[PDB]
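Read through the structure below, which is laid out as structure tokens, and then see the notes.
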Protein chains: 6
Amino acid sequence: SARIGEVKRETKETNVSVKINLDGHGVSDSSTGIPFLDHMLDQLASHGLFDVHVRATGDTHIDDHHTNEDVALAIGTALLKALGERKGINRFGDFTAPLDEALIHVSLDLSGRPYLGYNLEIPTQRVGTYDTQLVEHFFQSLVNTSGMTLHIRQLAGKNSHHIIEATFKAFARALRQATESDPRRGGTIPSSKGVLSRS
Amino acid sequence: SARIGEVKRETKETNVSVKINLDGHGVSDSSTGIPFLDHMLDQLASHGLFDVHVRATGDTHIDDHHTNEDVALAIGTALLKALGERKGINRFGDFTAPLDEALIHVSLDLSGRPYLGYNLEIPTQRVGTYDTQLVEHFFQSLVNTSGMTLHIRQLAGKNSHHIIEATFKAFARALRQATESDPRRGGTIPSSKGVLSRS
Amino acid sequence: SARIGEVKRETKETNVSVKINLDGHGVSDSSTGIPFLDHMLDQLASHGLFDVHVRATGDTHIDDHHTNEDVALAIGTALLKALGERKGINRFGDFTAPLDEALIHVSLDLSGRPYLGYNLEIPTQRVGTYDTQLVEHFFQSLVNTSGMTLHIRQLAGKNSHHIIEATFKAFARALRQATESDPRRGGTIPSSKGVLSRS
Amino acid sequence: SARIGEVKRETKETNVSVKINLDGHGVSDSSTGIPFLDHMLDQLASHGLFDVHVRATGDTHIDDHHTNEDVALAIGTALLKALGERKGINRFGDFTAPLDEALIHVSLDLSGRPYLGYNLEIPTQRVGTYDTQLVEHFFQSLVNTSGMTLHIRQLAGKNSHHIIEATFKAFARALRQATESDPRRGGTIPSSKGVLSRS
Amino acid sequence: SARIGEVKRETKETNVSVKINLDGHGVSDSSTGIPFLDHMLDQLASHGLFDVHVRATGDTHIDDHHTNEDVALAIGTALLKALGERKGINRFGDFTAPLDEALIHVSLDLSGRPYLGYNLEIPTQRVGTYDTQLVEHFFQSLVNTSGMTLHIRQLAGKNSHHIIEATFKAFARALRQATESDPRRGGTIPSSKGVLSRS
Amino acid sequence: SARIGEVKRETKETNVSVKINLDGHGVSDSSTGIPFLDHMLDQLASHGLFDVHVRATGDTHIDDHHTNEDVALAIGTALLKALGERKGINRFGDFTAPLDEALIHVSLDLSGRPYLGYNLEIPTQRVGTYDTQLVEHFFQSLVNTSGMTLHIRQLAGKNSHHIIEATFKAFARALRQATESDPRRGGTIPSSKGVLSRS
Ligand SMILES: O=P(O)(O)C[C@@H](O)Cn1cncn1
Ligand SMILES: O=P(O)(O)C[C@@H](O)Cn1cncn1
Ligand SMILES: O=P(O)(O)C[C@@H](O)Cn1cncn1
Ligand SMILES: O=P(O)(O)C[C@@H](O)Cn1cncn1
Ligand SMILES: O=P(O)(O)C[C@@H](O)Cn1cncn1
Ligand SMILES: O=P(O)(O)C[C@@H](O)Cn1cncn1
Ligand SMILES: [Mn+2]
Ligand SMILES: [Mn+2]
Ligand SMILES: [Mn+2]
Ligand SMILES: [Mn+2]
Ligand SMILES: [Mn+2]
Ligand SMILES: [Mn+2]
Ligand SMILES: [Mn+2]
Ligand SMILES: [Mn+2]
Ligand SMILES: [Mn+2]
Ligand SMILES: [Mn+2]
Ligand SMILES: [Mn+2]
Ligand SMILES: [Mn+2]
């Protein structure tokens, strides 16, 4: 059966609902209140083949920050739930994607241990109305609740939209690879220590 | 059916014919008038599993330049023709190949948008009789007519033949990956915008 | 008869229509959804004497990016269509235009071979609401579909609007020159190789 | 039938036995007298899906060095034996694996030509009781007898155990890829020169 | 009547014949024994609209040098002869031409005073079989016998053939401009001192 | 009896035959298709007193590279075969040879463990028609199949032929020394570990 994770998360700042199918067909269904983020989440669906359902509202008159963070936190938890015990999966993903002059390498391990390595240098402060500092925060928050080791490396790029979008494409492909079935491992846990856990 | 692209292109400088099968079995059939380039195109076939048929004549007494360029232009157009609407493909390719001390990373996106990122530093001017400046020009011309985003990164290397040949091997494997069927996407166009085009 | 090129181009991101007359009288008729870009396209008409008809709509709530790019792509294709075989033209254009303290050199060759050389350093991120990174992208996309070799050199300038507008004025005058009839060449193709092509 | 290589190797310094199944199920069975190395060889099995059987004894009161080297030499020979003529294989492997803050890229070519490129900078001298200089020597010795071109690149890392273990995970995945069947090449030798050899 | 200059020049090193029509139709008829130089002289005809007739033989087994120089000297003298008293001409020419990534500015004054300013940095030693040092020498020798002030400035470029060919295109267009009739000056000498002379 | 090693090695690129007598009288009999390499192999015979018989043909129209490499590989294997168990030999060789201003130190150990240390800086790209990058590759390939530890150090030199030829003279004398009988060791294996092996 398809691996589906669902999360609802409300604070005084934001209200978020997420449903992710790891075994999806690339259904894009994201409405966060942050249009640029929606476009990025569409890459996650289109290139990762995840079914991505996201709804969020929040205090965007203060900053897109809280919405951005809370969407990411909920996506991470949805991934954690969908992944379960992580039996039989590839576990590791590794992909470098361009978008024109931009080139972004993403490597990840569905380890249970959160870590973000990130070196993007996005040369403008706003892409549309979206604060480009929020890209790093999206990935940091997602790693923290998913229990993912994630490295994002900027190999080339100048246009801020190209840099960010190449990142989401590379991430989508790496995460697709990591979450997919390993055809040789016979459903075993892919760890020498016998378990993968966020604790 | 196999995706085959064919091009014939004649100017006062050169005369070129190309036929490429994306769904080939690695048939190597290149005769450009530039022996080193023929050897490189053989890697494209051997490692990419393309069937590669190339014939060229031209003004090599002036320079290998025009022949090299026109072969590349025609190969790019043949790729464009064979790819068609680009439905159902992986779209992205990413591979790093060594040849002894040389190590070359190639990442590409069959986007419809031409771009070459290239940082090779080939330490000699002639490999056999082949002018090593012509390597960059081969890839630039190929991207321009294929509508490919292509990045070529030199990670290591000293011997010029090793550097160039590792590049063609990495390119061949990345292009193979990008052109192959995506087994999960059900024949859809791999783009959130609904189309991939060179225009 | 006047050389007119027309393009219609729709994706899930944008919808664009362009009509350009190379042999125009400077009719300015641009409405892209990006007011600053409209003002720049008016320079193309006023100084280049092109008739410039552009309509675009698109996802500007995400970013002006996709609209900007798609307008440029369509303009490039319209230029390509209008130019045809490029018989009898000057082919090359070269002009440096000031706007107050700004001074921008544009040189171009209607070669069939796309290339952008660009060194502008625009010191602010937004001119009005227009993201100044999008200037480079406009010219890159236009070159890619027109098959133009284009160099843009910033010789002086501080005010971002002056820098960008001087660029469009210099480009307009260089493109006017290149597209105009060469009064001495008797309708021949202006190339030693006997043809000019985007392939 | 499964590709299995077996080696027994005794000197006045060490006594080593190795059996490797390239077509394994990740059976981990390593006892070298060097506990840290055993843990690393377990990654080779767990992530590479090799069946790895190693026994060694030796002069560890002098140094772990001779044991470490002789284990590596014998593993390399076992790989060479199991690989045979190298018909029908992918030949090339390329993978970047993290372990928390560490990130290690491994690229290899089962060429028949030994070469190690290695740039790890392991910041401590002993991980447990294991001398960290011995990591480079393990890979160098393994390449020398297997006839492998191998590049190991440290992209990030601080903790010595993380750096070394990420290396073994990346190596395991790259070697798995290279040794696996190429589903399209019809059992042919993956070389334009018609043979792959250690001589 | 058309302004035609003819020169025959023989030494123990070379034998050269040149005929140039300033008021030509771009007839290309150059055979120097140096194929790359022939291709460059074809640009002079194609883009300058000069009729260019050149024949040379010489000691190319020693070096292309003497032939290259003697062709240039004879072309310069042919230009001087064709120009005569220089009445009614534009006198000055100024053009910047690209060839792909190369961009070369040429400015010249048909002053009667020889001078070459030249800053090309051609990154390879041989383009085909042609020694790239000989480019500077071609222009220096041509200026010396024509009595031309000539500046050649490399603004961009990497490929040696592109750099050199862009130079010849820019030179051709600048020389065309300078040699053409000034439509407003009523056949007067374009000099405040009342004469233009090589002495 | 004399220690003689013989190798025949054919690929789609090259065809090579080698016979080496370690206990020779300096018979020079090398014809590789690379005249400069033949002259170098003559030093190996003249100064090393090896009998050196080499025949090669190959794809020199592509590059001398494959021939050069394959000759070296076969020489290394011939040395390995002739050396056998390496009983009773000096094992180590060490010699510094000049050729005029050039001075090259070679130290080697017939260890069974391949390694090349090399720091030559050959200031020209072609000596005759021979690509000077191929010198390093000759020694690397020879070490790889012979199981030799080899260090080559440039102490002085400017003329490329002098540098390369001094290298071959020093190598010849060092290899002669290493392969010769140790008059005191009574036919024992010259190793504390009781064996010398390439595995
Ligand atoms: O959890 P796994 O499968 O990655 C195996 C562990 O030994 C990794 N590890 C973490 N810190 C030191 N080693
Ligand atoms: O064409 P695709 O599938 O890569 C999706 C586009 O949004 C990419 N893009 C290009 N410039 C800015 N975004
Ligand atoms: O196409 P044209 O008219 O500019 C003439 C070509 O020879 C130019 N060229 C491009 N690369 C090397 N030469
Ligand atoms: O052996 P392969 O399949 O990698 C093909 C050879 O041409 C490679 N090569 C090694 N040195 C120069 N070229
Ligand atoms: O010969 P012309 O027409 O350029 C006018 C001269 O005054 C130029 N000049 C040369 N040196 C100083 N002035
Ligand atoms: O093989 P031999 O005769 O040189 C003796 C070995 O102990 C050498 N060695 C290699 N690595 C560490 N020690
Ligand atoms: Mn926060
Ligand atoms: Mn986008
Ligand atoms: Mn070119
Ligand atoms: Mn090769
Ligand atoms: Mn874009
Ligand atoms: Mn204005
Ligand atoms: Mn050792
Ligand atoms: Mn561990
Ligand atoms: Mn001279
Ligand atoms: Mn040319
Ligand atoms: Mn080689
Ligand atoms: Mn000599």
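By convention in this document, chain letters (A, B, ...) are assigned in the order of the sequence lines, proteins followed by strands, and residues within each chain are numbered from 1. Note that these values count all heavy atoms, side chains included, but never hydrogens, waters or copies made by symmetry. All ligand and atom numbering here is 1-based and tracks the order in the structure.
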query: Looking just at side-chain N and O atoms, do E/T124 and E/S160 make a donor-acceptor pair shorter than 3.5 Å?
result: yes
Pocket residues of ligand 4, ordered first by chain and then by residue number (heavy-atom cut-off under 4.0 Å): B/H39, B/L99, B/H161, B/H162, B/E165, B/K169, D/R91, D/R113, D/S191, D/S192, D/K193, F/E13, F/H65, F/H66, F/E69
- request: Would you please say whether a donor-acceptor pair under 3.5 Å links the side chains of F/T14 and F/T67?
  value: no
message: Determine whether the aromatic ring centres of residues B/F95 and B/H105 are separated by less than 6.0 angstrom.
response: no
query: More than 12 foreign heavy atoms under 6.0 Å from NZ of C/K193: is that the case here?
result: yes
Minimum side-chain heavy-atom gap D/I89-D/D182 below 4.5 Å: no
Plane angle bin for F/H65 and B/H161 - parallel if under 30°, tilted between 30 and 60°, otherwise perpendicular: tilted
message: Using the ring-ring contact (aromatic ring centres under 6.0 Å, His included) definition, which of the options B/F168, B/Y130, B/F171 pairs with B/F138?
response: B/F168
task: Could you verify whether a donor N or O on one side chain and an acceptor N or O on the other, from E/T32 and E/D38, lie under 3.5 Å apart?
output: yes
Distance-only donor-acceptor check, side chains D/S111 and D/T149, under 3.5 Å: yes
message: I need the protein N, O or S atoms closer than 2.8 Å to the Mn ion (ligand 10), given as residue plus atom name.
response: B/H39 NE2, B/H161 NE2, B/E165 OE1, F/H66 NE2
